[PDB]
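Here we start with a single chain on its own, the form deposited in one PDB entry, put down as structure tokens.
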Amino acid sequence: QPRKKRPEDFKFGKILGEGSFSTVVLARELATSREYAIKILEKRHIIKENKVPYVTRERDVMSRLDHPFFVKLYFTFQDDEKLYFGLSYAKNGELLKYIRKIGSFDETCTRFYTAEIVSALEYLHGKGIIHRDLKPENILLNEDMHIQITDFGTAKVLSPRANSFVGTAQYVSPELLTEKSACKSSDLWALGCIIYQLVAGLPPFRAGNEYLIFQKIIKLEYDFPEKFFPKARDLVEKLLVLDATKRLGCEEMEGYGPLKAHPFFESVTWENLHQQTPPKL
């Protein structure tokens, strides 16, 4: 392998963003000119807050992925105080940004981006991995305007780490609120919310606070605005179903075939999405 990288191998630049346990900073590797988004984690804080399982899962899960719709973990290293993860730098930011910028998507853009998310989830669930925090904030856009999903510390790798995390309120599935249990279904729920959000401009469950959002979720209290692309409404209704075993994409619903075969995706070529030019605003 290459020599372990070190802080002194890079010129660190702008902070991209800041979380409770990490900071992502853009970094230029002196020896190659390459730019990376390096996620930097203070070891003390991770230890104090019992987060080693999560930091260990993020590295381990990202290390196992090898597909263009995910952020790549290129390297890791550490000094006495911090850990460093060398990630892809997605130049065009998060999908959330793009949703806020251009407002709601026309059907062509909705379809294209929905198809890349479905195709990514198919890859992920095939490896027996659940994301658990799928939302537009963590679906990045690369330079060529294809998706790159990130944020895997909170993921779950399935059996043959059970039910401790709950993602962003607006995307939380009913089964997380009623059971102590994450399943592939929960990602498919979040997918339904994301499709609704691309079309509508806002997510389907909204209120003043998290308690009120959760009450709406368990009662399935949401509505479609009037011009909502009909086949997309049909797809969303087949995902935002309280019975987790009855969501399109689930093993009990015969898998990703039926989901990919929905009318909404009739014009999609599923075989080489990453090779296709994305529609442009």
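From 1 onward, residues are counted along the sequence shown.
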Compare the other PDB entries of this protein and indicate whether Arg111 is left unmodelled in at least a third of them. no
Checking the other PDB entries that cover both flanking residues: does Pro136 lack coordinates in at least a third? no
How big is the unmodelled gap, if any, between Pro160 and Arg161 relative to the deposited sequence? Choose none, 1 to 3, 4 to 9, or 10 or more. 4 to 9
Please work out which of 92 to 100 and 205 to 213 has the higher mean CA B-factor as recorded in the PDB entry. 92 to 100
Name the higher of the two by mean Cα B-factor in the PDB entry, 108 to 116 versus 168 to 176. 168 to 176
Among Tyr36, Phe70, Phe228, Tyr256 - the residue whose C-alpha B-factor is largest in the record: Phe228
Identify, among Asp223, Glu237, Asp66, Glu29, the residue whose C-alpha carries the highest B-factor in the deposited PDB entry. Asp223
Taking the values exactly as deposited, rank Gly13 by C-alpha B-factor within its chain and report the matching third: lowest, middle or highest. lowest
Lowest, middle or highest third: which one holds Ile40 when the chain's residues are ordered by CA B-factor from the entry? lowest
Report the third (lowest, middle or highest) to which the CA temperature factor of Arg132 belongs, ranking only the modelled residues of the same chain. middle
Could you tell me which third, lowest, middle or highest, the C-alpha B-factor of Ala182 occupies within its chain? highest
Could you tell me which third, lowest, middle or highest, the C-alpha B-factor of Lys219 occupies within its chain? highest
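Keep in mind that the form solved in complex with a partner chain is missing from the display, and what follows is about it.
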Which is the contacting stretch out of 218 to 226, 251 to 259, 238 to 246, 59 to 67, given heavy atoms within 4.5 Å of its partner chain in the entry with it bound? 59 to 67
Which of these residues, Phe105, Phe112, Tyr84, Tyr98, gets a heavy atom within 4.5 Å of its partner chain in the entry with it bound? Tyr84
Just give me the single entry in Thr178, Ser164, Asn92, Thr76 that has a non-hydrogen atom within 4.5 angstroms of its partner chain in the entry with it bound. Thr76
Classify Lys231 as contacting or not contacting its partner chain in the entry with it bound by the rule of any non-hydrogen atom within 4.5 angstroms, answering yes or no. no
Would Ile46 count as touching its partner chain in the entry with it bound under a 4.5 Å heavy atom rule? yes
Answer for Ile213 alone: is it within 4.5 Å of its partner chain in the entry with it bound, judged on heavy atom distances? no
Determine whether any heavy atom of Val55 comes within 4.5 Å of a heavy atom of its partner chain in the entry with it bound, and answer yes or no. yes
